[PDB]
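Shown below, as structure tokens, is a lone chain in the form deposited in one PDB entry; questions about how it binds or moves come after it.
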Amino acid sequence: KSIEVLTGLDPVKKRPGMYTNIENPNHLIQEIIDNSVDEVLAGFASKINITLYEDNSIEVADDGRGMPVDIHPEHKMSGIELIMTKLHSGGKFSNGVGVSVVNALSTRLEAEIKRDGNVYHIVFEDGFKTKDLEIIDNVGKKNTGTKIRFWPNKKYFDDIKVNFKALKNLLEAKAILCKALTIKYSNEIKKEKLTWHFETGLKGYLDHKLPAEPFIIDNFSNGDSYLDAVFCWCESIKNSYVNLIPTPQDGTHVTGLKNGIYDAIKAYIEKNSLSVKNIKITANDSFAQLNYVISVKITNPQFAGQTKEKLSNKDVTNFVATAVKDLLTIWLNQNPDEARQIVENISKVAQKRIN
């Protein structure tokens, strides 16, 4: 918030490849999903509905509070227009892109917002408003939501066809990580509907893709920070997420799982026996054969460099570590035969490193 930056859309139209992946419009669809996901994470949306039409438009709808429409004092336009028609960025010092990138790279965009008993409607073309915000209908006060339909512009894309298969993979991936979410998908070209809703979240996922029944951390929290995790050892899946988006280069949340596991194995070796007390085991050793998914839900996810691929928040590391240690120790201290096996294989990895 120290520096706030506001431009028009020309830099996006001039270098589309710096604001999206231009093979197809999927990344644009991702921008819209991400916003609707932020409304799920804030506790207000439970439903994300996606439609692919035969005219090659894409519609995404949620049942959240609805994108605000109040007039900005300084900019003299509604929230929906302000967010759609200008590039928003900023930070702490100089030297995610926003839905305006989708508006910019689209010949047409329509927004329907339900709030405060009103159905609002607005239309853009090539990133400029062309039909004013207007109340077109009325509705129950608790009938709320945001719905965006957009028409990707062929001049900015190698192909206007949506890659359906990757879109489906992505939606499933997200529904897995948020049990309070139900995602629906309708492809009117292929005549195909899907519904993803995972009541037990990640349960069973590792099994499908020691302990024999993998360990699950189920919605652990400290204030406005949430942790879901599943892991086991094996002879491979190693996925981590922040706010439902992959962190292919790990970070503080992973280091958190790593340290929390080490601490748990080290303490258990110390408090038991197993002829392993004299083996110099490392965090790396107890992590070596670990298969897991960890998914954290935090307030202001800070990342590495200028990209969003490695979580940096220096206090997530001990948020995860402490939780993993406590939960895993409890489990170790009620599963004797398997603890012993986990410990032994870990010692084996350590001895092979030392030799």
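All residue numbers are counted from 1 along the displayed sequence. In this text, rigid core is short for the largest set of C-alphas that superpose within 1.5 Å between two forms.
Omitted here: the form deposited in another entry. The next part is about that form.
Superposed on the rigid core, the two forms differ between this form and the one not shown by 2 Å or more at the C-alpha of one listed residue only; from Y226, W196, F215, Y156 that residue is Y156. Residue displacement note: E338 has its CA displaced by under 2 Å between this form and the one not shown (rigid core superposed). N143 is not among the residues whose C-alpha shifts by 2 Å or more between this form and the one not shown once the rigid core is aligned; its shift stays under 2 Å.
After superposition on the rigid core, the Cα of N49 moves by less than 2 Å between this form and the one not shown.
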